[PDB]
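run-v9.txt follows (compact mmCIF, N, CA and C atoms and all ligand atoms):
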```
# COMPACT_ATOMS: atom_id res chain seq x y z
N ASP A 39 110.97 93.33 72.23
CA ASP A 39 109.97 92.26 72.44
C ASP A 39 109.63 92.15 73.92
N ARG A 40 109.50 93.28 74.56
CA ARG A 40 109.16 93.27 76.01
C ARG A 40 110.09 92.31 76.78
N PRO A 41 111.38 92.64 76.83
CA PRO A 41 112.35 91.81 77.54
C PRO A 41 111.97 91.65 79.02
N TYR A 42 111.00 92.42 79.46
CA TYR A 42 110.56 92.35 80.89
C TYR A 42 109.05 92.18 80.98
N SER A 43 108.61 90.97 80.77
CA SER A 43 107.14 90.69 80.83
C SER A 43 106.80 89.84 82.05
N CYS A 44 106.78 90.47 83.21
CA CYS A 44 106.46 89.70 84.44
C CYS A 44 105.25 88.79 84.21
N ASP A 45 105.23 87.66 84.89
CA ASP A 45 104.09 86.71 84.72
C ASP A 45 103.54 86.26 86.07
N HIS A 46 103.28 87.21 86.93
CA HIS A 46 102.74 86.86 88.28
C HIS A 46 101.19 86.73 88.21
N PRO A 47 100.60 85.76 88.93
CA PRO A 47 99.15 85.58 88.90
C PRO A 47 98.42 86.87 89.31
N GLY A 48 97.54 87.33 88.45
CA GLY A 48 96.78 88.58 88.76
C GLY A 48 97.53 89.81 88.24
N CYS A 49 98.51 89.57 87.41
CA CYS A 49 99.30 90.71 86.85
C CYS A 49 98.71 91.20 85.55
N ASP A 50 99.09 92.39 85.16
CA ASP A 50 98.56 92.95 83.90
C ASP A 50 99.31 94.22 83.50
N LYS A 51 100.61 94.21 83.69
CA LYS A 51 101.42 95.42 83.32
C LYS A 51 102.75 95.02 82.69
N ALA A 52 102.83 95.17 81.39
CA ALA A 52 104.09 94.80 80.69
C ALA A 52 105.15 95.87 80.89
N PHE A 53 106.36 95.54 80.51
CA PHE A 53 107.48 96.52 80.68
C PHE A 53 108.54 96.36 79.60
N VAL A 54 109.33 97.39 79.43
CA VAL A 54 110.42 97.35 78.40
C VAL A 54 111.77 97.56 79.07
N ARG A 55 111.76 98.31 80.14
CA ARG A 55 113.02 98.57 80.88
C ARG A 55 113.27 97.50 81.93
N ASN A 56 114.37 97.60 82.63
CA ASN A 56 114.69 96.59 83.68
C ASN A 56 114.21 97.03 85.06
N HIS A 57 114.75 98.13 85.53
CA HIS A 57 114.33 98.63 86.87
C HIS A 57 112.81 98.54 87.04
N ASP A 58 112.09 98.87 86.00
CA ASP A 58 110.61 98.81 86.10
C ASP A 58 110.18 97.45 86.64
N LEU A 59 110.68 96.41 86.04
CA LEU A 59 110.31 95.05 86.50
C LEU A 59 110.72 94.86 87.96
N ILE A 60 111.78 95.51 88.35
CA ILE A 60 112.23 95.38 89.75
C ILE A 60 111.28 96.12 90.68
N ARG A 61 110.91 97.31 90.30
CA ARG A 61 109.99 98.10 91.14
C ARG A 61 108.57 97.57 91.00
N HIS A 62 108.33 96.89 89.90
CA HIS A 62 106.97 96.33 89.67
C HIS A 62 106.82 94.95 90.33
N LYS A 63 107.86 94.16 90.25
CA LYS A 63 107.79 92.81 90.87
C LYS A 63 107.62 92.90 92.38
N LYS A 64 108.35 93.79 92.99
CA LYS A 64 108.23 93.94 94.47
C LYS A 64 106.83 94.39 94.85
N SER A 65 106.06 94.77 93.87
CA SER A 65 104.67 95.22 94.16
C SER A 65 103.76 94.03 94.43
N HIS A 66 103.99 92.96 93.72
CA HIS A 66 103.14 91.76 93.92
C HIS A 66 103.24 91.27 95.37
N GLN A 67 104.10 91.90 96.13
CA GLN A 67 104.27 91.50 97.56
C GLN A 67 103.34 92.29 98.47
N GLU A 68 103.63 93.56 98.62
CA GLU A 68 102.78 94.43 99.50
C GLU A 68 102.67 93.84 100.90
N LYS A 69 102.37 94.69 101.86
CA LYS A 69 102.24 94.21 103.26
C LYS A 69 100.82 93.72 103.53
N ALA A 70 100.49 93.58 104.78
CA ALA A 70 99.12 93.11 105.12
C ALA A 70 98.80 91.81 104.40
ZN ZN B 101 103.61 91.59 87.50
```
Now that the file is in, can you turn its structure into structure tokens?
Ligand SMILES: [Zn+2]
Amino acid sequence: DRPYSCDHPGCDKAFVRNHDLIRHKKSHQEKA
């Protein structure tokens, strides 16, 4: 049931694994 469904504003990428959410969540940050 998508144990990793990030819910960040402007998001649109579901996940099933864990690390993915970790490498994906840190993306909502980015520099600049
Ligand atoms: Zn996200």
Any residue with an atom at most 7 Å from ligand ZN 101 (chain B) counts, using all atoms listed in the file. Which are they? Put them as a PDB file with N, CA and C atoms, in the coordinates of the input.
```pdb
ATOM      1  N   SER A  43     108.610  90.970  80.770  1.00  0.00           N
ATOM      2  CA  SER A  43     107.140  90.690  80.830  1.00  0.00           C
ATOM      3  C   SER A  43     106.800  89.840  82.050  1.00  0.00           C
ATOM      4  N   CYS A  44     106.780  90.470  83.210  1.00  0.00           N
ATOM      5  CA  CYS A  44     106.460  89.700  84.440  1.00  0.00           C
ATOM      6  C   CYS A  44     105.250  88.790  84.210  1.00  0.00           C
ATOM      7  N   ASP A  45     105.230  87.660  84.890  1.00  0.00           N
ATOM      8  CA  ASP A  45     104.090  86.710  84.720  1.00  0.00           C
ATOM      9  C   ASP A  45     103.540  86.260  86.070  1.00  0.00           C
ATOM     10  N   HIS A  46     103.280  87.210  86.930  1.00  0.00           N
ATOM     11  CA  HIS A  46     102.740  86.860  88.280  1.00  0.00           C
ATOM     12  C   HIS A  46     101.190  86.730  88.210  1.00  0.00           C
ATOM     13  N   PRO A  47     100.600  85.760  88.930  1.00  0.00           N
ATOM     14  CA  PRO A  47      99.150  85.580  88.900  1.00  0.00           C
ATOM     15  C   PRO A  47      98.420  86.870  89.310  1.00  0.00           C
ATOM     16  N   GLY A  48      97.540  87.330  88.450  1.00  0.00           N
ATOM     17  CA  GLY A  48      96.780  88.580  88.760  1.00  0.00           C
ATOM     18  C   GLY A  48      97.530  89.810  88.240  1.00  0.00           C
ATOM     19  N   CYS A  49      98.510  89.570  87.410  1.00  0.00           N
ATOM     20  CA  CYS A  49      99.300  90.710  86.850  1.00  0.00           C
ATOM     21  C   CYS A  49      98.710  91.200  85.550  1.00  0.00           C
ATOM     22  N   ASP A  50      99.090  92.390  85.160  1.00  0.00           N
ATOM     23  CA  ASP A  50      98.560  92.950  83.900  1.00  0.00           C
ATOM     24  C   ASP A  50      99.310  94.220  83.500  1.00  0.00           C
ATOM     25  N   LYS A  51     100.610  94.210  83.690  1.00  0.00           N
ATOM     26  CA  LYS A  51     101.420  95.420  83.320  1.00  0.00           C
ATOM     27  C   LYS A  51     102.750  95.020  82.690  1.00  0.00           C
ATOM     28  N   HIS A  62     108.330  96.890  89.900  1.00  0.00           N
ATOM     29  CA  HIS A  62     106.970  96.330  89.670  1.00  0.00           C
ATOM     30  C   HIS A  62     106.820  94.950  90.330  1.00  0.00           C
ATOM     31  N   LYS A  63     107.860  94.160  90.250  1.00  0.00           N
ATOM     32  CA  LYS A  63     107.790  92.810  90.870  1.00  0.00           C
ATOM     33  C   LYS A  63     107.620  92.900  92.380  1.00  0.00           C
ATOM     34  N   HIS A  66     103.990  92.960  93.720  1.00  0.00           N
ATOM     35  CA  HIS A  66     103.140  91.760  93.920  1.00  0.00           C
ATOM     36  C   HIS A  66     103.240  91.270  95.370  1.00  0.00           C
TER      37      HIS A  66
END
```
Could you work out an axis-aligned box for segment 42-56 of chain A, taking every atom the file lists and adding 8 Å on each side, and report centre and edge lengths in Å to one decimal, as AutoDock Vina command-line options?
```
--center_x 105.7 --center_y 92.1 --center_z 83.9 --size_x 33.9 --size_y 29.0 --size_z 26.9
```
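Protein, DNA and RNA residues at most 7 Å from (107.8, 91.5, 77.5), with only C-alpha atoms, are these: residues 39, 40, 41, 42, 43, 52, 53 and 54 of chain A.
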